[PDB]
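Asker: This block holds the first chain(s) of the complex, placed as they are in the complex; more will follow:
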Amino acid sequence: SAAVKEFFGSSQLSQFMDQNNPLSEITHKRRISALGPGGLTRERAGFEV
Amino acid sequence: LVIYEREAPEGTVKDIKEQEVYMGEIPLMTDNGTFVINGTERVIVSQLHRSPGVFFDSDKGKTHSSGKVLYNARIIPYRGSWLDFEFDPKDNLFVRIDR
């Protein structure tokens, strides 16, 4: 329970859903992030990426 | 749970017992595609991470100041310890494990 709940509730890829439109929801559910566990850090990523 | 018999050869059953053990609570997904965690429905975005396999990468001559490239080959598993092979400027061959 801890191992799943901690991921779902507080991770870098389970984020609060801005909901001030239909469009915001649709375009937020299709997002394709590159950060998170196993990805590349925000502030030390080169330019070629 | 299954219990063998010690004196009997490997493979035998003295008695076997089972029951329906509870474990965990997996959140479910609403119809739209948004989970509800604590009255604060959230969404999980997809990730774009580099795939497991093998990559023969190289550095574009940014070491040794000699203009000599240095090819390297990495094996990236899905879960475990990585593996790297590299070429020293002296044309050696060096393994490297988990950096």
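Answerer: Received it, and whenever you're ready, just let me know what you need. Residues are numbered from 1 along each chain as shown, chains lettered A, B, ... in the order given.

Asker: rest of the way, CA atoms for contacts and neighbours
Answerer: OK.

Asker: What are the boundaries of the strands in chain B?
Answerer: Assigned by DSSP state E, chain B shows strands spanning B:2-3, B:15-16, B:42-44, B:46-47, B:53-59, B:70-76, B:83-86, B:94-96.

Asker: Close to chain A: what parts of chain B are there?
Answerer: Contacts of chain B with chain A, taken as C-alpha under 8 Å from any C-alpha of the partner chain, map to B:23-26, B:33, B:37, B:40-50.

Asker: Try it again at 10 Å.
Answerer: With C-alpha under 10 Å from any C-alpha of the partner chain as the criterion, chain B meets chain A at residues B:23-27, B:32-38, B:40-50.

Asker: include DNA strand C as well:
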DNA sequence: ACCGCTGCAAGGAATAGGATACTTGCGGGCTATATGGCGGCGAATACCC
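Answerer: With DNA strand C added, the chains above now look like this:
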């Protein structure tokens, strides 16, 4: 002035009913193993004289 009698307790078979020892899940109270960043630079070895 002796005795067999009646009668009055002590221990067996059938039902209802509370007390009370026993069992259990908790709630708060406490203690104690990573792998996508370069660049500069200076110190610390390596090296082959």
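
Asker: quick one: buried residues of stretch A:34-49?
Answerer: A:34, A:35 (16 or more other C-alpha atoms under 10 Å in any protein chain shown).

Asker: what about that stretch and DNA strand C, any contact?
Answerer: Yes - counting by C-alpha under 7 Å from any atom of the strand, DNA strand C is contacted by stretch A:34-49 at A:37, A:38, A:39, A:40, A:41, A:44, A:45, A:46, A:48, A:49.

Asker: Just list the residues touching the residue nearest the centre of chain A, thanks.
Answerer: In chain A, the C-alpha nearest the mean C-alpha coordinate belongs to residue A:13, at 3.2 Å (C-alpha atoms, centre = their mean). Residue A:13 makes contact with A:7, A:33, A:34, A:35, A:36, A:37, B:42, B:43, B:44, B:45, B:46, B:47 under the criterion C-alpha atoms under 10 Å, 6 or more residues apart in numbering or on different chains.

Asker: while you're at it, add RNA strand D from this line:
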RNA sequence: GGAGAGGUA
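Answerer: Once RNA strand D is put in with the chains from before, the structure reads:
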């Protein structure tokens, strides 16, 4: 008070 995420110039 500290972390994580998103946003504006």
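
Asker: Repeat for the contacts of residue A:13, accounting for RNA strand D.
Answerer: Contact analysis of residue A:13 by C-alpha under 10 Å, 6+ apart lists A:7, A:33, A:34, A:35, A:36, A:37, B:42, B:43, B:44, B:45, B:46, B:47.

Asker: measure residue B:10 to residue B:33 for me?
Answerer: Distance from residue B:10 to residue B:33, counting by C-alpha to C-alpha, to the nearest Å: 50 Å.

Asker: Compare these two and say which is more crowded by neighbours.
Answerer: A direct count of neighbours by other C-alpha atoms under 10 Å in any protein chain shown for residue B:10 and residue B:33 places residue B:33 higher, at 15 against 9.

Asker: ok, that one to residue A:2 distance?
Answerer: According to C-alpha to C-alpha, residue B:33 and residue A:2 sit 23 Å apart.
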